[PDB]
Amino acid sequence: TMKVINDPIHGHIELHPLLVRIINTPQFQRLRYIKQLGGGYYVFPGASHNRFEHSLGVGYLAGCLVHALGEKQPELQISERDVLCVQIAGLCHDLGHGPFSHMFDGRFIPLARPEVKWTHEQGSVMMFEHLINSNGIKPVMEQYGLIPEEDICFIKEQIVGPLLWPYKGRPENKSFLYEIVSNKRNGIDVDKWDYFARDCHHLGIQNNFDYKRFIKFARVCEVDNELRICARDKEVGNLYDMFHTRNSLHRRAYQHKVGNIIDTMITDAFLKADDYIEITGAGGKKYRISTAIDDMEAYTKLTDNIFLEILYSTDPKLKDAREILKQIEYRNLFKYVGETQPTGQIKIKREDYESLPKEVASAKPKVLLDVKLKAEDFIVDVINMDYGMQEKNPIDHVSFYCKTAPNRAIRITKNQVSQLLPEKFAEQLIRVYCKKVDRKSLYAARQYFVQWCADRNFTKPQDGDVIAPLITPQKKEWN
Amino acid sequence: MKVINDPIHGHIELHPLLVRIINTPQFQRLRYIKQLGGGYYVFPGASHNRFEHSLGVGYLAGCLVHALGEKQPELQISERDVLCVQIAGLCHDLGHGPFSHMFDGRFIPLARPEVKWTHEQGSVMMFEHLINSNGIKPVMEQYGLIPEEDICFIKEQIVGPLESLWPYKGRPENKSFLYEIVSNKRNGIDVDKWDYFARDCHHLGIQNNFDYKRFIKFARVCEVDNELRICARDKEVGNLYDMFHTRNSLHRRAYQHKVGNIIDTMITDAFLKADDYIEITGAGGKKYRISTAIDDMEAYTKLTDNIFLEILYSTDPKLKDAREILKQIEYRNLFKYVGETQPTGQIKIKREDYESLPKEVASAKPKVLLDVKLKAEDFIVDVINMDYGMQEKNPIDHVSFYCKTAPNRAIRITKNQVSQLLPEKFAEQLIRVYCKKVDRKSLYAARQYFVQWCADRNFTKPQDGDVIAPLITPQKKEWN
Amino acid sequence: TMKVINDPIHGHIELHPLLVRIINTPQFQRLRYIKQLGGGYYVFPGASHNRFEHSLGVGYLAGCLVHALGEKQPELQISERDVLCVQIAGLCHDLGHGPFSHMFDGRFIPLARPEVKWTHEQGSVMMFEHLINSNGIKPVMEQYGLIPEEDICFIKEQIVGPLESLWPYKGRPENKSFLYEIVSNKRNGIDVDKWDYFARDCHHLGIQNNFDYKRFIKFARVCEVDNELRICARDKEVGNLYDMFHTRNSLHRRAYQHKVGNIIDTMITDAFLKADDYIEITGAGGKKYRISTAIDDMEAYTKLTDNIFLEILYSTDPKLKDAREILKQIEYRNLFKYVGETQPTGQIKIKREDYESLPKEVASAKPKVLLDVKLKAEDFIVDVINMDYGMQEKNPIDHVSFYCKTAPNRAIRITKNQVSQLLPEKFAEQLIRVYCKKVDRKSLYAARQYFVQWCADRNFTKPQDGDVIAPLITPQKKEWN
Amino acid sequence: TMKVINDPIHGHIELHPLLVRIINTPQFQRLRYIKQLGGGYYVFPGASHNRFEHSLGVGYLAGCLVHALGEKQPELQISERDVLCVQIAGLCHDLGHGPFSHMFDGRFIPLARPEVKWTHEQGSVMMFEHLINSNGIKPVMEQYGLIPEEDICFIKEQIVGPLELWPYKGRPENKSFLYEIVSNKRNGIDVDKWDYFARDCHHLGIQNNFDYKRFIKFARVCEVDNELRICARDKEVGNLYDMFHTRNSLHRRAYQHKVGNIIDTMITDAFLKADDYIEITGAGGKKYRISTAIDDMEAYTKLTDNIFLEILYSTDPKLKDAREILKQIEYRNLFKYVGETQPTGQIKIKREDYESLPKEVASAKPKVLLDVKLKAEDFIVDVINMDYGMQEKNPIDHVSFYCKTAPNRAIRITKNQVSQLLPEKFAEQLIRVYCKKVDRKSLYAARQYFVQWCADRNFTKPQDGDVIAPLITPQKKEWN
Ligand SMILES: Nc1nc2c(ncn2[C@H]2C[C@H](O)[C@@H](COP(=O)(O)NP(=O)(O)OP(=O)(O)O)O2)c(=O)[nH]1
Ligand SMILES: Nc1nc2c(ncn2[C@H]2C[C@H](O)[C@@H](COP(=O)(O)NP(=O)(O)OP(=O)(O)O)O2)c(=O)[nH]1
Ligand SMILES: Nc1nc2c(ncn2[C@H]2C[C@H](O)[C@@H](COP(=O)(O)NP(=O)(O)OP(=O)(O)O)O2)c(=O)[nH]1
Ligand SMILES: Nc1nc2c(ncn2[C@H]2C[C@H](O)[C@@H](COP(=O)(O)NP(=O)(O)OP(=O)(O)O)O2)c(=O)[nH]1
Ligand SMILES: [Fe+3]
Ligand SMILES: [Fe+3]
Ligand SMILES: [Fe+3]
Ligand SMILES: [Fe+3]
């Protein structure tokens, strides 16, 4: 029989025995100890939720969508084998997230090991392999009609994309299965649908996107010699609103100015603790926090725990790291100075991020300062907000259908929908903080910042006339 | 105090004066007017009526004014001011007609083109009638109000000024912020909106993305141009753009739903046909029609959604034309939706031209063999202005903000200071075409006329255009 | 294709073309103009919701449960024909409700026409027949694989029970008895009508619902019980099932039997009785029917809705002046005043026959207190209310079959003692509410004295507020100290 | 100014600067790392929520109730000092919970240190003292008008009851009602309950049937036996019985879930085995064990749910026994549930006898002479007392009520005055038996021992009893 489990977002989920068997392993249960929104918990006290339950929900929704397409269109010949594989992918899709989720792959690893190009997804594939092998799942897969050679490839391919038709796991006549868990074409996937619903529930924000409705009007059609998922013509509006909702959650919560500074402070403490923390891996080899990603037996033991390990330690080697985390407890965080954006079409390249604190201190504001501030006193956090496809409109990469001809796929441009939609689909936000907390240094920091904005032809800080009233009239373009 | 349980706002407390206003025919009337008119016939959850919206707006008006008072005693907001703001909120939609916006938005403009009449003007008149016919003036005095000054203040909250120095007679400039609570003429950020977002969502089955409670926590009165106004905190600017997005989104999904609108036009049509033969007893026994009941409030008190069922259940042969339209709604033989389109460039369609557009669609000569020719009376063309509440203007350019560092110093925040992902324009037009002939052959023809008419006037390609009229869409160079 | 419709309780419901065809008729759309909770709207301003949308939801849930049983147990051979019939029943199950729902079949018709035994359900069967015939549905049923002879009986049987020991149903055999337990469960009362209105009424009332129907469906299963295939719940759900009936009783206490909701219902009923004689409703062949007699002809009853309230209120006919004055008194909020509530003791049931006589008894009490005003029996209203777990004095859980994880085809019983000592001792009781038609301060004082005395006289329970409202009368009774 | 914080249950809470200052300390932030429902997370995957946010909410609701009583009844002379103190108590009320909340004070400490009588509350008082002293809060309290001598006593008294006629030193008899807000010793109706109902439901995926906001609207202080207490309105008596029903229902479904409890016993077991070899640095560097950290608050500050993962991730061979239990939880090789039963008549099982019950189950001689024999160490018998918070008493008999007609006159309402459908008793016991041997053969045996043991002690028939032990159930005359 089936196992039932009660998620507060999705209700009573049914779990196939194979899924239960995958779930009840150290590699998966690990996700109970990794928070979804990392440092966001330290701003939204509701956001205690962990990857474990996100992972169940993505598994659940993956099943819903593939099973729905099957009932509506038997011609597709979606097998119970295909359904199980899609569920397993959904279930295991975030297996490779590190401590504090996106803080790890987004802030820490890029600083700790700049040579590597590593992502949460690559980790998931590796950790999935480790889960299968270390728990004897392959026999159980066979028992329930799967073919490990073909299907383990298919599952991995659903997660990271491909390791003519680039996939070895399934033929072109089932390409639509690759658009369920992680949609490379346009980004409309069930990972999104779950975390919108889930993050909102815990954050204390209401979610404006109806995934259930999208499933009712979803359908597979032929597009360029390939069978893809298509939405109904009328849903085009709701799809633009899906990406709006996403961007809106990033603005309010995920990229919250203090959430991000807590993430940078935790990252900083990890960098300082890196050298002196050992994690036992395969064959007893010792791995560091930054190197545990190379061996999955070590990475299985690397969770949010590492924060409290550092905090509670008495090792004097970890004193520098422990002091940063103690400063978070007491709430002596680095102070937020302000936010700004580039103008024209000036993109700030990732290569230049290291240099920006130097530039802020280098500004010469025509105002008498109490204190001079060095470049090490500033932090400059650059954030790319987009609709998931850098500068592109993802709706231009969605296929639609009409009531009158439901097998005939079509495109819908932006002009066909509304003039009130966004003009661009990507931008950059630049947040500046100051490590010196006191009244005198904060005043100075504000002057350096608002000047630096004028110097580089950036947008006027929203509060700019208040924080630096002597600097804002200097720029002709701001009047 | 009386407590009452609204499913949106919880247990509301009602002041005795409010209870006394509520328990009158003029107010209880609102129990029999649906919030979303014809929308009930598309969203079966939307059974909710104006009565309960009216209570909630009254409630939120109290919340906001009471909150400003606690946070800023310097404003000297009196318990008299609070009561007046509550009364305005409570009575703000008193003048809605049968099926709410269908009445002031479709019916009255067709039935009586000479008049410029709104739900709000009706509210002021109906408020006056409520006060006089129920002896409220003594009760207002009993609770510290001054009817001369305050009844003006209440009416002014609802419709704006009753006639660039200070236009209000009800309160001085040092209390201008009170006029921004119930119906905000400056920018549109008011508690009417906050209630109906929450309420309509609850009943529609859509989730609401706007947190009014949060906005209240970061609201504050500051001096702006020699006048005390409500200001939001700098950080809320994003949430305010999202407020108007939420609004526009509710209009797109629900309020301007293609079938909701066609049901509204069909009910309006049946009212126009029934107008002449329905009498409503007014003041001194005078007889008023549906279209003329707005002139006398004793008559208008008896004009509700009932009028639909009165027509439907009637046996008078004079009402047969009207009754047949309403019977066609029951059976679901609605006028068929052909498609939607928009103008291009910045070519605005003037209101004067709306009458002429069915003629233009029939006048199109599509290069396709048609089974049926269709006359202009067979088409309906519904033009809809979607905006952020201030025609072509960005309402956030008319909001004052404040910073944590200087909370009495008001500032402005432009669009460029916030995000490049915000809208370029703040108004547009949608043109929906329907066909009165329902059959398979006429609908095909209608689609050809429509998609041609779109090409003829350099409008946008209908989303489904390549499917419904595949022989017409390649004709236009601009659509390839 | 399917039609999709967005209910705020259940989400996006799919409607089969046959159902759409049934929905889009005057007989069904009528339900848009009948409120679910009748006079409750005048106490809970959220409760604007109408039968129409309840009806859609019951149709939806009926589909969910039958479709779920089918997937989990193919051996049952549940056909797409069976599924459609169960949906149609669910959809049409409340078709026969009158103006203000339960006020009509529960208060008005019993007073207006005491000779008749009539219910909302009997009306539904009749109105279903009328819907089918007047809209040519029978051809459409055949088109989608139904057999009108057999299936229209099956649908009617789902609604009212048997149209009349052996197997009592003609619509389906004993090997599909479980289908009769979905829409209206005669065995124990666990049905999808309940599940929808809990969720729906709560949503609109502003009360939260403590019952998870989705969960019950996941652990539902058909087993053999006494040579008959019935729905069974899992052993562990027994607690949640007792809580289902608790939730029901709790909704009745808070909302449905609210003291003022009920007085508004009696006042509207009263106004209908006074308007009855002078309101004509055109029926079949032009014949004239009254409000009380429209139940006899469905073409008339199709036009009888909540409208009738506003028809009376807005009228100028002097024949309707008595009725119109009652409804105007509701607008102004001059309602009959609530005096208090009480219960019988021991095991003294008050028979329905005696309800007429109780106002006489209250006025007949001789309270040992100086009164300014004497009150006659016509001044009092006494409303008697039977609260139960749906099966008069019986525990409905004693009529539920259960199954275990270890043996899922073997049905069992679970007694009350096996579950908890904190469950109810009895499963039915009576509440007696007394109101006074005279509103003034002096008459209300008097009414309270008559009432609290009458309670002592008949060995009823002490009113909760009794020591306050009648402090000179409560020490008189030895049993209350 | 005020700090705003967004809790998903209560909305945007305002935090007074003094509260912020208390919140931002190691002793308080500690609560971020303790789960509300301990091992329940391993059954309800929604239940990730921690004490931190419960603590904020209780602080919030404490403010709501005291501030509401103040507005409705100025005669009480509730000061802004009183309000702050009530908030601080609410905020700090669960400061002393251990790893996995109630598992610690309810299972672990009673086994690890049977000599001691220790509770989460006693810990809170001690941890509150430590918080104040180690963070220099006393100056800040004074700055905002508090008097540390009197008020720190008042706060502690709100949490644990009297620290030693009128038993309280923190406030006089004319403010006794303040002691009924955070932790109500009289009847149990407090805001701790109100928060966790709402919160646990939100995260569990169960809906909550209790309206705390409504209760506040109809709450009021009256004189009762020469003392000013909180009273509810007469009509709320039903909703109050339903409050305790809701509580009992949450215990049945979630908190005392058969597997949640077995995971709690397994974690407790692993803690007992790890106790001796885990050192936690305390005050002056002294070494404390898990069981002894309760004696020194500097040590206890570092004792959180972490300790689970510390054991799990360790390589010390001294911790191998403990680490193996926790690894068995990961793999889901939990001790197997055999069944549940209750006593009959009025046979209470005394706490003294709990140790002996596994012996009794193995000692049963079922007449199906068994192919594997099981020893007493193979069985776990978990006894659970379900009540309405006051052992065998009806807590509604300890609530004072008032009537609309005389709102200062307090009264009592008995059970008979309300309903015959209420509970007969207000306490009972549940006995769950599990078996440590997991295999098919031992589980069969365990079931026979159990169902016999039930017959032997005249307990209730297990629900599944006829299925699991069909040879044993006809033996007992009383079960047919
Ligand atoms: N909504 C709700 N969820 C519940 C309830 N009880 C448990 N859950 C949640 C907790 C879990 O998330 C899920 C399963 O709990 P079980 O139904 O008790 N199933 P298990 O494996 O214990 O027993 P078996 O092997 O006997 O089937 O439902 C309840 O009454 N209500
Ligand atoms: N959530 C909830 N709302 C309720 C409940 N009971 C009533 N309401 C709703 C219905 C209404 O919206 C509101 C008032 O109903 P009452 O508090 O019962 N007040 P009334 O005027 O009858 O009592 P009096 O004159 O004796 O003061 O509460 C309940 O138990 N729960
Ligand atoms: N949640 C939600 N409900 C919606 C939305 N739009 C409509 N509804 C609700 C209202 C209705 O209950 C239902 C159907 O609305 P349509 O999807 O517009 N379908 P119709 O028959 O008009 O179009 P066709 O024949 O072209 O498919 O969904 C929306 O964006 N969101
Ligand atoms: N619903 C909602 N909650 C939000 C939002 N933004 C933050 N929160 C939540 C997160 C927090 O729980 C709370 C406050 O976050 P901030 O209002 O951003 N205040 P902070 O102290 O950063 O700014 P300052 O010191 O300048 O006043 O609201 C939002 O847009 N919406
Ligand atoms: Fe994910
Ligand atoms: Fe309004
Ligand atoms: Fe029903
Ligand atoms: Fe607590």
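The rules behind the values
- Residues numbered from 1 in each chain as written, not as in the entry; some residues may be left out.
- Chains lettered and ligands numbered in written order.
- Heavy atoms only, no water.
- Residues with missing side-chain atoms left out of burial classes, pairs and counts.
- Helix = DSSP H or I, 4+ residues; strand = E, 2+ residues; numbered from the N terminus.
- Rg over C-alpha atoms; globule rule 2.2 N^0.38 Å.
- Near = heavy atom within 4 Å.
- Polar contact = N/O pair within 3.5 Å; in protein donor to acceptor, adjacent residues only side chain to side chain.
- Areas by Shrake-Rupley, 256 points an atom, 1.4 Å probe, with all protein chains shown as cover.
- Expected span 1.5 Å × (residues − 1).
- Buried < 20%, exposed > 50% of the residue type's maximum accessible area, 1.4 Å probe, protein only.
- Arc of directions from axis to C-beta.
- Contact = heavy atoms within 4.5 Å.
- Donors = N, O, S within 2.8 Å, 3.2 Å for Na, K, Ca; no water.
- Tetrahedral: all angles 85-135°; square planar, octahedral: opposite > 155°, others 65-115°.
- Salt bridge = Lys/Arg side-chain N within 4 Å of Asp/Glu carboxyl O.
- Nonpolar A, V, L, I, M, F, W, Y, C, P; charged D, E, K, R; others polar.
- Pairing = 2+ DSSP bridges.
- Domains from an automatic or database assignment.
- Buried area = accessible area lost by both parts, 1.4 Å probe.
- Axes fitted to C-alpha atoms, helices over the stretch in contact; angles between N-to-C directions.
- Parallel < 35°, antiparallel > 145°, perpendicular 65-115°, else oblique.
- Left-handed = near helix turned anticlockwise from the far one by under 90°.
- Patch = residues over 30% accessible without salt bridge, like charges linked within 9 Å, V, L, I, M, F, W, Y side chains within 5 Å.
- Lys, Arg positive; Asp, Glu negative; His and termini not counted.
- Charge placed at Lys NZ, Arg CZ, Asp CG, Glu CD.

- Going by the header, the method for this PDB entry is X-ray crystallography, and the resolution given is 2.853 Å.

Observations regarding the overall build of chain B
Now for step 1: Helix and strand content of chain B: 18 helices and 11 strands.
Now for step 2: In terms of C-alpha radius of gyration, chain B reaches 24 Å, essentially the compact-globule figure of 23 Å for 480 residues.

Some thoughts on the site of ligand 3
Now for step 1: As a matter of local geometry, ligand 3 sits amid 18 residues, with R213 and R232 of chain A, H257 and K258 of chain B together with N6 of chain C nearest to it.
Now for step 2: Looking at the residues close to ligand 3, they fall on chains A, B and C.
Now for step 3: Between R232 of chain A and ligand 3, the recorded distance is 2.4 Å, taken from a side-chain N or O atom to an oxygen atom.
Now for step 4: In the environment of ligand 3, an oxygen atom lies 2.9 Å from a nitrogen or oxygen atom belonging to the backbone of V42 of chain B.
Now for step 5: Alone, ligand 3 offers 630 Å² of accessible surface; in the complex the protein occludes 85% of this.
Now for step 6: Considering every element that reaches the shell around ligand 3, the biggest residue donor is strand 1 (residues 3-7) of chain C, with three residues.

Notes on helix 15 (residues 320-331) of chain D
Now for step 1: Its 12 residues place the ends of helix 15 of chain D 16 Å apart at the C-alpha level, agreeing with the 16 Å of an ideal helix rising 1.5 Å per residue.
Now for step 2: Here helix 15 of chain D has its buried residues at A322, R323, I325, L326, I329 and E330 of chain D. Seen end-on, helix 15 of chain D carries its buried residues on one side only, within an arc spanning 155°.
Now for step 3: For helix 15 of chain D, the elements touching its buried residues are helix 2 (26-29) of chain A together with helix 12 (258-274) and helix 14 (306-313) of chain D.

Quick notes on the coordination of the iron ion (ligand 6)
The expected angle between donors at a tetrahedral four-coordinate metal is 109.5 degrees. At an octahedral six-coordinate metal it is 90 or 180 degrees.
Residue and element names in this part refer to chain B.
Now for step 1: Taken together, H53 (NE2), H92 (NE2), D93 (OD) and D192 (OD) make up the protein donors of the iron ion (ligand 6), found 1.8 to 2.2 Å from the metal.
Now for step 2: Around the iron ion (ligand 6), the four donor atoms sit at angles spanning 76 to 165°, and that spread fits a shape best called irregular. Exposure class is identical for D93 and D192. Each is buried.

Regarding the pattern of salt bridges
Now for step 1: Tallied over the full model, the rule gives 119 salt bridges over all chains.
Now for step 2: One salt bridge in this structure joins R185 of chain A and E179 of chain A, with 3.3 Å as the shortest N-O distance.
Now for step 3: With a relative accessible area of 34%, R185 of chain A lands in the partly exposed category.
Now for step 4: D235 of chain C is the partner of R234 of chain C in a salt bridge, and the nearest nitrogen-oxygen pair spans 3.2 Å. Here the two residues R234 of chain C and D235 of chain C agree in accessibility, since each one is buried.
Now for step 5: When salt bridges that share partners are traced, they join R81, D82, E150, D151, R170 and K174 of chain A into one network.

A closer look at the side chain of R113 of chain C
Residue and element names in this part refer to chain C.
Now for step 1: Checked against the element boundaries, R113 lands in the loop between helix 5 (102-112) and helix 6 (120-135).
Now for step 2: Within the structure, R113 has its side chain in polar contact with the side chain of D296 (distance 2.9 Å).
Now for step 3: Not counting chain neighbours up to four residues away, the residues in contact with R113 comprise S292, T293, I295 and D296.

Considering the site of ligand 4
Now for step 1: The immediate surroundings of ligand 4 are formed by 18 residues, with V43, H256 and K257 of chain A together with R233 and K235 of chain B found nearest.
Now for step 2: Neighbouring residues of ligand 4 are not confined to one chain but are distributed across chains A, B and D.
Now for step 3: Within the side chain of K257 of chain A, an N or O atom sits 2.5 Å from an oxygen atom of ligand 4.
Now for step 4: One nitrogen or oxygen atom from the side chain of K235 of chain B is found 2.9 Å from an oxygen atom belonging to ligand 4.
Now for step 5: Going through the elements one at a time, helix 12 (257-273) of chain A together with strand 1 (3-7) of chain D are the ones with two or more residues in the shell around ligand 4.
Now for step 6: The dominant element in the shell around ligand 4, judged by the number of residues it contributes, is strand 1 of chain D, at three residues.
Now for step 7: Grouping the amino acids of the shell around ligand 4 by side-chain chemistry returns six nonpolar, five polar and seven charged.

Considering the pairing of strand 3 (residues 220-224) of chain C
Residue and element names in this part refer to chain C.
Now for step 1: The buried count for strand 3 comes to four of five residues, which makes it a mostly enclosed element.
Now for step 2: Alignment of strand 3 against strand 4 (residues 229-234), held across five bridges, turns out to be antiparallel. Note that in strand 4 the partner of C223 across the bridge is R230.
Now for step 3: The hairpin turn running from strand 3 into strand 4, its antiparallel successor, is four residues long, and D226 in that turn takes a positive phi close to 50°.

Topic: the interface of chain D and chain B
Now for step 1: Between chain D and chain B, the contact holds eight residues from the first and eight residues from the second.
Now for step 2: One can count two salt bridges joining chain D with chain B.
Now for step 3: The biggest single contributor to the side of chain D that touches chain B is helix 10 (residues 212-217) of chain D, with three residues.
Now for step 4: Residues that form the side of chain D that touches chain B fall into these classes: two nonpolar, one polar and five charged.

Side note on unusual backbone geometry
Now for step 1: Although it is not a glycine, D225 of chain B adopts a positive phi angle of roughly 50°.
Now for step 2: In this model, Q391 of chain D sits at a positive phi of 40°, which is unusual for a non-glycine residue.
Now for step 3: Mapping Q391 of chain D onto the fold places it in the loop between strand 8 (379-387) and strand 9 (401-403).

A look at the interface of chain D and chain C
Now for step 1: Taken residue by residue, the interface counts 44 residues in chain D and 43 residues in chain C.
Now for step 2: Listed by contribution, the elements that provide at least two residues to the side of chain D that touches chain C are helix 11 (237-255), strand 10 (406-411), strand 11 (427-435) and helix 18 (465-468) of chain D.
Now for step 3: Of the residues forming the side of chain D that touches chain C, the biggest block, eight residues, is contributed by helix 11 of chain D.

Notes on the domain arrangement of chain B
All names here are of chain B.
Now for step 1: Structurally, chain B comprises domain 1 (2-260) and domain 2 (337-385 + 426-479).
Now for step 2: If you average the C-alpha positions of domain 1 and of domain 2, the two centres end up 38 Å apart.
Now for step 3: Across the boundary between the two partners, domain 1 contributes six residues, which contact nine residues of domain 2.
Now for step 4: Summed over both sides, the interface of domain 1 with domain 2 buries roughly 590 Å², with 44% coming from carbon and sulfur.
Now for step 5: One salt bridge in this structure joins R252 and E428, with 3.0 Å as the shortest N-O distance.
Now for step 6: One can count four residue pairs in polar contact joining domain 1 with domain 2.
Now for step 7: Residue composition of the side of domain 1 that touches domain 2, by class: one nonpolar, two polar and three charged.

Details of the packing of helix 3 (residues 51-72) of chain D against helix 4 (residues 80-92) of chain D
A packed helix pair is summarised by two numbers, namely the angle formed by the two axes and the spacing between the axes.
All names here are of chain D.
Now for step 1: At their nearest, the axes of helix 3 and helix 4 sit 7 Å apart, and the two run at 155° to each other. Compared by their axis directions, helix 3 and helix 4 come out roughly antiparallel. The handedness of the crossing between helix 3 and helix 4 comes out as right-handed. Where helix 3 abuts helix 4, its residues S55, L56, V58, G59, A62, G63 and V66 lie against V83, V86, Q87, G90 and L91.

Details of the sheet that holds strand 4 of chain C
The strands making up a sheet are joined through hydrogen bonds of the backbone, oriented either antiparallel or parallel.
Residues and elements named next belong to chain C.
Now for step 1: Pairing within the open sheet is mixed, and its four strands lie in the order 3-4-9-10. Two strands bound the open sheet, and with one partner strand each, they are strand 3 and strand 10 (407-412). Across the sheet, the mean angle separating the axes of adjacent strands is 50° when strand polarity is ignored.
Now for step 2: Across the face of the sheet, helix 3 (residues 51-72) comes into contact with strand 3 and strand 4 while running at roughly 65° to strand 3.

So, a positive patch on the surface
Now for step 1: Residues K3 of chain A, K236 and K405 of chain C together with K336 of chain D make up a contiguous surface patch of positive charge.
Now for step 2: Here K336 of chain D is to be found in strand 7 (residues 336-341).

With respect to helix 9 (residues 191-204) of chain B
One full turn of an α-helix is made of 3.6 residues, so residues set three or four places apart face in the same direction.
All names here are of chain B.
Now for step 1: With 14 residues, helix 9 ought to run about 20 Å at 1.5 Å a step, and its terminal C-alpha atoms sit 19 Å apart, in line with that.
Now for step 2: For helix 9, a buried count of 14 out of 14 residues is recorded, marking the element as mostly surrounded by other parts of the structure.
Now for step 3: Sitting at the amino-terminal end of helix 9 is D190, which places a side-chain oxygen 3.4 Å from the backbone nitrogen of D192.
Now for step 4: Following helix 9 by one or two positions, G205 has its phi on the positive side, about 95°.

With respect to the sheet that holds strand 7 (residues 337-342) of chain C
Residues and elements named next belong to chain C.
Now for step 1: Sheet architecture is open: three strands sit in the order 7-11-8, paired in antiparallel fashion. Bordering the open sheet on either side are strand 7 and strand 8 (380-388), each of which pairs with just one other strand. Within this sheet the neighbouring strands show an average axis-to-axis angle of 25°, counted without direction.
Now for step 2: Relative to strand 11 (residues 428-436), strand 7 is paired through five bridges, and the arrangement is antiparallel. Bridge pairing links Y338 to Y435 in strand 11.
Now for step 3: Where helix 13 (residues 259-275) meets the sheet, it contacts strand 7, strand 8 and strand 11, and its direction lies at approximately 65° from that of strand 11.

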